[PDB]
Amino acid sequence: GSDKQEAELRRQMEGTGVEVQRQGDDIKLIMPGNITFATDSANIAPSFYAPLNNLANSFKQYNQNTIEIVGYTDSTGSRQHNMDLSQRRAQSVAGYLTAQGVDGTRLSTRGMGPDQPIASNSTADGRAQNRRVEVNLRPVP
């Protein structure tokens, strides 16, 4: 890319529920919790294996960016516990991508718990939107 990978990602993620955002120099992929994970677990949902397979192929093909995997939660419960849970979910996505052949040295992962909500934690579907994993692709020189 950056334009080319973004267009390839938009095509592959069509109909998966994964959102693709152009964010200045960066590409951000929003993976909602309700379609990425089974229940409130950190196991990847059966239906999301093939979308992740496509993502891994894209990352392997476009080698000139870093891959930052960030887990998020809603604000219900303890901050420590949410950071824990969000870290677990980012771990699972990163572990899957590396199993598919993405160089582990290109990946970093964080849990952020309830920080940076994308919607209101006062409504049920707002809280559900905040439970997500984000993949940020940042260009390198």
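Throughout, we count residues from 1 along the sequence that is shown.
Mean temperature factor over C-alpha atoms, higher-scoring stretch between 46 to 54 and 70 to 78: Looking at the recorded C-alpha B-factors, 70 to 78 comes out higher on average.
Averaging the C-alpha B factors as listed in the entry, name the stretch that ends up higher: 87 to 95 or 31 to 39. The recorded data point to 31 to 39.
Modelled-residue ranking by C-alpha temperature factor, third containing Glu134: As the PDB entry reports it, the C-alpha B-factor of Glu134 lands in the lowest third of its chain.
By the record's CA B-factor, is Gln116 among the lowest, middle or highest third of residues in the chain? Lowest third of the chain for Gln116's C-alpha B-factor.
Mind checking which third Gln21 falls in for C-alpha B-factor across the chain? Ranked within chain, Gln21 CA B lands in the lowest tercile.
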